[PDB]
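Number of protein chains: 2
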Amino acid sequence: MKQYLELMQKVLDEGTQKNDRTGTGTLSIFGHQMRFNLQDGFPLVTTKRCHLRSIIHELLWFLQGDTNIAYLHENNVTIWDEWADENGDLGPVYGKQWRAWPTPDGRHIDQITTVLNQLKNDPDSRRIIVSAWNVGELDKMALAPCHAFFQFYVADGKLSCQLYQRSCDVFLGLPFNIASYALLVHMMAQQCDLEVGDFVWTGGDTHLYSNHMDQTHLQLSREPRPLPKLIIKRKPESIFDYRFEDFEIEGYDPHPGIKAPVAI
Amino acid sequence: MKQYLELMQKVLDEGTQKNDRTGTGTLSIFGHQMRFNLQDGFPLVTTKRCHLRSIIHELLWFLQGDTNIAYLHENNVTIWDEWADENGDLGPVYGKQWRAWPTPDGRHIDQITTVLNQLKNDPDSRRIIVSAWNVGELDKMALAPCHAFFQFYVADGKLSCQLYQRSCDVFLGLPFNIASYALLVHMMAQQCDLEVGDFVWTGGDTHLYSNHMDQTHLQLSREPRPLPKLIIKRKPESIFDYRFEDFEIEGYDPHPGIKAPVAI
Ligand SMILES: Nc1nc(N)c2c(n1)CC[C@@H](CNc1ccc(C(=O)N[C@@H](CCC(=O)O)C(=O)O)cc1)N2Cc1cn([C@H]2C[C@H](O)[C@@H](COP(=O)(O)O)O2)c(=O)[nH]c1=O
Ligand SMILES: Nc1nc(N)c2c(n1)CC[C@@H](CNc1ccc(C(=O)N[C@@H](CCC(=O)O)C(=O)O)cc1)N2
Ligand SMILES: O=c1[nH]c(=O)n([C@H]2C[C@H](O)[C@@H](COP(=O)(O)O)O2)cc1CO
Ligand code: NA
Ligand code: NA
Ligand code: NA
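For the record, the sequence lines run as chains B and A.
Reading the first sequence from the start, the letters are residues 1 to 264 in the deposited numbering.
Reading the second sequence from the start, the letters are residues 1 to 264 in the deposited numbering.
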C-alpha cells in the first residue's frame, strides 16, 4: 500500500538502531500515523500475499472472549502457539479484556457490548473506546498487548476507527494488524447499520527487525496494486455470531508472499 | 504555534458538525498527529496568552496522586471547579490512575514509578506506558479521561513521549495539554539524565466548539512568536518532589489572551 511502503522506507531512512528485548536489533522510529478510507478498498497489503485465514479466526476468537488457543487449533491456527501454557491458556489477553474487563469490586464490563450500544444510542459520543491495556492484569498476560487501545467515531453515517499500536513490527505484524481492525470496522458498521469510514493507524515504537532487511528491500521494489473488496455474505444476528465463511475478499491480486523469521 | 494553527485550520477545513454531550455543538475531525521537538523551545502557545501557573500546579497535583481540588484552590487554580462535587472530589481521575491504578486482586500500580524505573533500566522497552483509561472506574469519574494514554521512547540520549488524546477541545484544552506533557517530559528527562526529544500529540475526536469560532479565527490571524524556553533550577531527588518555584519560563511574549466559554 502506498502509505505502508512509505512507512517502510521512512524506517529504513530515518530509523535509529536499537537493541530490543529479543536481541535481534531494530531500526526504529517513534510516532507515525496512516489513514485508510475504507470506501477506497479493503486495506490488505498487495506487495506480498497476506493470508487472512488466521486473521479472521483470531478476530472471531477475540470476540468470543476466548484466551485459550483450543479454538485456534480446531481451525489449524498456530500464531499463539509459543506463549500458551501447558493447558492452552494465555491469561487475560485481548479476548478477556474485550468481553469481560474485571472491575476492582468483582464486576465485569463487556467493552464490545458497550461500544455496540454507544454506537446505536449515542453515536456522537467521544468515549467509544475498547482498551486491552489493563494495567492491573499485564503481569498475568502471556504477552503485553501491542494493539493497546482503539476508538470509534461516527460522522455523517460513517463509522471510523483509530488504533493505537504501542509496538509495531512493520514487516511481519503491521499488514495483519491493519487487516484485523479494518475487518472489525466493517463488522461493527454492519451491525449498527452504518457505512464504513476511515481506519486510522497510529504507531508508537515502529520498527523493522535487523534480520528483515533483505525482505524489506525486496518488498520496496514492488509496486502496489489496486485494493481488494471485502464482501460480507451474511448479516448475523449480532457482532458475536460471525463465521469464517461469512467473509470473501474479491479481487485480491497480490505479489508473492515473502517469508521472514519472527523475533521471539 | 505553527503546528497548532495548522490543526485549527484543518478542523475548520475538514471537520463535520456533531452534536455533543454538553449540548453546545462541535466541528470535529477524527485522527490527527503532530510533533514538537522540545529542543526547539517549550511549546506554549504564543498566539494567545496562556497561563502556565495553572498548568504547573495541575501537573504537580496529578503527580501527587490527588483528585480533590483543595490543593488547586490553595494555589488559586480554578480549572477543575466546574466538575467537582460538593466536597471538591473528582473521583479516580488522572492522578489516582497514574499513581495507584487498582487491580482486581487488591493491588495498586504506581505507573509513574514504573515508567521511571523502565527509563532508567530498560529504556529500549516498547511498553513504557501510562494509562488513565481504567474501564472499571470510568463510572466513578467526574469526567472520562481526555488525555488517556501515553508512551515514552528513548533514542540518541533523548526522551520522547506520545500522548493519545481521545477527545480534544482544540481552542481551550489543547494549549494546556501540550504544555503539560512537555513539562512532564522535561521533568522525566531530568530524573533519568536524558536530553529532551519529541512530544508527539495524537488526537481522536479533535474538535472546535461552535462557540469558539470567532475566537479561533481571531487567533488564526496572528503570527506565532518565538517559543519560550523552560529552565529547571533544581534536581529533586524524585519525580514527586518538584515545587512550583523550580520552574521558570523565559522569553514568553504572547499575543493577548482570548476569552472563550468552557463547555461543561
Ligand atoms: N494476528 C497476530 N499478529 C501478531 N503479530 C501477533 C498475534 N496475532 C498474537 C501474538 C504474536 C504472534 N507472533 C507471531 C506472529 C507471526 C508469526 C508468523 O510467522 N507468521 C507468518 C505466517 C502467517 C500466515 O501463515 O498467515 C507470517 O506472518 O508470514 C509467528 C508468530 N503477535 C503479537 C504482535 C507482535 N508484533 C511485534 C511487535 C514487536 O516486534 C514484537 C513484540 O515485542 P514487544 O513486547 O517487545 O514489543 O512483536 C506486532 O507488530 N504485532 C502483533 O500483533
Ligand atoms: N469542554 C471541556 N471540558 C473540560 N473538562 C476541559 C476542556 N474542555 C479543555 C481543558 C480542560 C479545562 N481547562 C480549562 C482551561 C481554560 C479555561 C478558561 O477559562 N480559559 C480562558 C478564560 C475564559 C474566560 O475568561 O471567559 C483563558 O485561557 O483565558 C477553563 C478551563 N478540561
Ligand atoms: O485535559 C483535557 N483536555 C480537553 O480537551 N478536554 C475536553 C475534551 C472535550 O471537549 C471535553 C470532554 O468531554 P467528553 O467526555 O464528552 O469528551 O473536555 C478535557 C480535559 C480534561 O482533562
Ligand atoms: Na513518523
Ligand atoms: Na503500588
Ligand atoms: Na511533592
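Virtual Cβ for every residue (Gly too), placed ideally from N, Cα, C.
Helix, strand or coil: which one does DSSP assign to residue i?
i	result
residue 45(A)	coil
residue 27(A)	strand
residue 155(B)	strand
residue 2(B)	helix
residue 164(A)	strand
residue 86(B)	coil
residue 91(B)	coil
residue 179(A)	helix
residue 21(A)	coil
residue 130(A)	strand
residue 13(B)	helix
residue 197(A)	strand
residue 100(A)	helix
residue 56(A)	helix
residue 141(A)	coil
residue 186(A)	helix
residue 169(B)	strand
residue 260(B)	coil
residue 32(B)	strand
residue 51(B)	coil
residue 68(A)	strand
residue 73(B)	helix
residue 112(A)	helix
Check whether chain A comes within 7 Å of residue i, counting only Cβ atoms and requiring the distance to be less than that.
i	result
residue 98(B)	no
residue 180(B)	no
residue 152(B)	no
residue 160(B)	yes
residue 15(B)	no
residue 109(B)	yes
residue 117(B)	no
residue 120(B)	no
residue 77(B)	no
residue 33(B)	yes
residue 40(B)	no
residue 224(B)	no
residue 83(B)	no
residue 244(B)	no
residue 18(B)	yes
residue 95(B)	no
Using a C-beta cutoff of 7 Å, does residue i count as contacting chain B?
i	result
residue 144(A)	yes
residue 157(A)	no
residue 91(A)	no
residue 264(A)	no
residue 37(A)	no
residue 127(A)	yes
residue 25(A)	no
residue 167(A)	yes
residue 80(A)	no
residue 2(A)	no
residue 251(A)	no
Out of the options, point me to the one whose CA is closest to residue i's CA.
i	options	result
residue 145(A)	169(A), 154(A) and 251(A)	169(A)
residue 203(A)	10(A), 2(A), 30(A) and 4(A)	30(A)
residue 250(B)	172(B), 206(B), 235(B) and 229(B)	229(B)
residue 43(B)	148(B), 258(B) and 226(B)	226(B)
residue 265(A)	196(A), 103(A) and 54(A)	The requested residue 265(A) is not part of the displayed model; chain A covers only 1 to 264.
residue 171(B)	209(B), 64(B), 65(B) and 153(B)	209(B)
residue 25(A)	16(A), 33(A) and 148(A)	16(A)
residue 127(A)	122(B), 139(B), 120(B) and 119(B)	139(B)
residue 151(A)	102(A), 84(A), 79(A) and 165(A)	165(A)
residue 243(B)	37(B), 98(B) and 59(B)	59(B)
residue 115(A)	153(A), 34(A) and 255(A)	153(A)
residue 38(B)	85(B), 179(B), 193(B) and 233(B)	179(B)
residue 98(A)	61(A), 261(A) and 48(A)	61(A)
residue 248(B)	73(B), 129(B), 187(B) and 2(B)	187(B)
residue 134(A)	254(A), 101(A) and 35(A)	101(A)
residue 50(B)	183(B), 63(B), 254(B) and 13(B)	254(B)
To test your reading of the DSSP string, which unbroken alpha helix (DSSP H) runs of 4 or more residues are found completely within the segment 202-247 of chain B? 213-220
Three or more C-beta pairs closer than 8 Å, one from the segment 214-222 of chain B and one from the segment 14-23 of chain A: is that the case here? no
Counting pairs of Cβ atoms below 8 Å between the segment 89-99 of chain B and the segment 62-70 of chain B, do you hit three or more? yes
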